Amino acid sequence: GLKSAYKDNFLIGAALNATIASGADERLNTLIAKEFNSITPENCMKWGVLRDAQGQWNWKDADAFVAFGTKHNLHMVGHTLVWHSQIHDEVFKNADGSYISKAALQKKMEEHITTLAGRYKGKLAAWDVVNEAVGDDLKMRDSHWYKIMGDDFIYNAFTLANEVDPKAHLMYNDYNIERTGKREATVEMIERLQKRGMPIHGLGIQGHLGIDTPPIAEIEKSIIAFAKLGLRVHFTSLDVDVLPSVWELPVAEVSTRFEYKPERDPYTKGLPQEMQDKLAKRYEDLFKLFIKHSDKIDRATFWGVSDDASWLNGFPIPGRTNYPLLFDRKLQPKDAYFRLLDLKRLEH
């Protein structure tokens, strides 16, 4: 399978949802053990999912994930300690809407990281310590984390994770850092945190790609730039959106562009062969680039195993039929999978 074809290059990973990680699905257990040598929990280790609004913890799914990776001797990536999404407003705010103090939030961060990274110390090889801290306007993301703490939210998160599990490979992770603008903003941020002495080992490029954009040349500039920081590069959340895009619409449509419209969901009956071809070529281009820079890259993780479970079926438009991954809704390899294998089978 893929993990073997790519053994000399980098880990091949998949994000697993709670149903899959339960181990109840023997077909998927077989597929995963064959194809992947790394896994990431799709949701169950996110603050707002693992803990309720009162801060109470329920370990059922997170423990099942770690047991699944242990059972199959898979490399495991914790996702994610400090992020502005899927986390209760109660972490940052009094019930009246006012923010708590930096000191009060620091205490909560300390408890969360010490508990979560502590529980799985030595079991998870790597952590996404901070996710998505640069805004799309190229300034620091205006999250509650940042408004309350400043860049100390990042510095302290990494320092804490490193104290709790000194052996964990610590990563900063973000999307659209494949692109000019956000790439350079991220380099600048990381550079200066590193100089300040922040422990950090890896840089995660999410790799939520379109069927066309961004171009290989842009992704290449990012691999090279982030490697120059003395960080291992990981592609962490790979998928290829094949459906009509709403990211670039006229101002009149800004509000309604996330509305379900039949014309925006054109492949409910199946993805036609011509698009299978385009998808295969796009993945082949991508993996050619990864092979080229294999010396810089530790891992390529897909954000899901098969199309039926992809978050792109519901994002950014609910209820679409997307085709973003290497296995179809019947768990059969798509044309893209075979192109990926051929790149290695036939390597000179």
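Numbering starts at 1 and follows the sequence shown.
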What about residue 251, is it left unmodelled in a third or more of the other PDB entries we looked at?
-> yes
Using the B-factors recorded in the PDB entry, average over the C-alpha atoms of 292-300 and of 23-31, then report which stretch comes out higher.
-> 23-31
Higher average CA B factor in the deposited record is what I'm after, so tell me if that's 281-289 or 39-47.
-> 281-289
Highest recorded Cα temperature factor - choice among 88, 119, 139, 208 = 139
Pick out which of 166, 202, 262, 78 has the highest C-alpha B-factor in the PDB entry.
-> 262
Which third of the chain does residue 340 land in by C-alpha B-factor: lowest, middle or highest?
-> highest
Among modelled residues of the same chain, the CA temperature factor third for residue 96 | middle
Taking the entry's C-alpha B-factors for this chain, is residue 186 in the lowest, middle or highest third?
-> highest
Position of residue 248 among the chain's modelled residues by C-alpha B-factor, lowest, middle or highest third = highest
Among all modelled residues of this chain, ranked by Cα B factor, put residue 180 in the bottom, middle or top third, i.e. lowest, middle or highest.
-> highest
